[PDB]
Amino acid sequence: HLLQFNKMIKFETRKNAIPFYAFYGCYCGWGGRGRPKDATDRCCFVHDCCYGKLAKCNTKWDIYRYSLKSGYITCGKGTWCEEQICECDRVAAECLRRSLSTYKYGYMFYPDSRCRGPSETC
């Protein structure tokens, strides 16, 4: 569920998804086009591709099981859809933490007009 993904983002980065990742670059948040601008944007591009491969799953609201017990995100065992959505979310939240050193406040509210180039393939 998207609120669980936002919790993973906050757990990993210490930043709230709104405003820090919801409008970042060309791919962070809903939708996206063109070329990923940097490492942070590329995490979001991969996440969008990950969800795209799950067309038979309810990626936005299926509530999966996960744990923080070990001091990192672990996806619980469940339905194929729950495990796959959780895995997309976990990978993206960890990727965003790894990309923190190159996060640019200048890309925070990035205009769609700067994302008009050919769209990268998943």
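When you see a residue number, it is the position in the sequence shown, counting from 1.
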Task: Between the two ranges 109 to 117 and 21 to 29, the one averaging a larger CA B factor in the entry - done: 109 to 117
Task: Given 32 to 40 and 79 to 87, the range whose Cα B-factors average higher in the PDB entry - done: 32 to 40
Open item on the list: Checking the record values for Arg97, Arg65, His47, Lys69, which has the greatest CA B factor?
Closed with: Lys69
Task: Assigned third (lowest, middle, highest) for the C-alpha B factor of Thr13 - done: lowest
